[PDB]
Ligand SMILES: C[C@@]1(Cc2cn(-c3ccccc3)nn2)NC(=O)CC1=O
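Okay, so here's just one chain, in structure tokens, the form deposited without the named molecule.
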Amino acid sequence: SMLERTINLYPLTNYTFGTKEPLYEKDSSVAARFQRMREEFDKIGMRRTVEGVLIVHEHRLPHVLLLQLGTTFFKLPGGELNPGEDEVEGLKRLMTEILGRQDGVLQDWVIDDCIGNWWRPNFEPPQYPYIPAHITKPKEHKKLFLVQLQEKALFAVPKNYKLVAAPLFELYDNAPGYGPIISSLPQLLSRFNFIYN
């Protein structure tokens, strides 16, 4: 009757947030983003993205780590898989590219839980937690995973990003602020048995 996954959380003060060089988006605009998605869909088919949910606490209040591009949009650490690339190896690679240390010490990502799937039916912003009716060729499949952090770690945050710890209450029913994936993380995380270390 204990059917919940147990996840260790550590205080945000256990983590060091260093800095490194800016990491630029492949796309300079929404228009270029959907143009490249169109181009790549014709060459290699559906885009496969992976995103990591990294959780900490302060004073037993869980917080999700988000990347803020300057003071603009909020994203999860993650990105695009290469064709034939394993989802979990790919998320580990992407989280190393974004948050990995300037001193090149190997970081230990633990990924054991899928927490959701989102599908983009068109070359347009809307994403859904299912393949919508009549859609046979979704343009993007996004996979979210829970990343179990170590007790302590040093992260290097690209100088053009801020790493922000968002409490769940701030995400909850805040799609305008965070969009439909990040704003549904409180619901998606509720099944876990968090231990506040």
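Sequential numbering from 1, following the sequence displayed.
The protein also exists as the form solved in complex with the named molecule; that form is not presented, and the subsequent description refers to it.
With respect to the named molecule in the deposited bound form, the three residues 87, 111 and 116 uniformly fall beyond 4.5 angstroms at the level of their nearest heavy atom. Taking non-hydrogen atoms only, residue 145 never approaches the named molecule to within 4.5 angstroms in the deposited bound form. Although the partner is absent from this view, residue 23 contacts the named molecule in the deposited bound form, with a non-hydrogen atom inside 4.5 angstroms. When contacts are judged by a 4.5 Å heavy atom cut-off, residue 92 does not count as touching the named molecule in the deposited bound form. The named molecule is not drawn, but in the deposited bound form it has no heavy atom within 4.5 Å of residue 64. In the deposited bound form, the residues of 69 to 101 lying within 4.5 Å of the named molecule by at least one heavy atom are, in order, 75, 76, 77, 78, 79, 80, 94, 97, 98.
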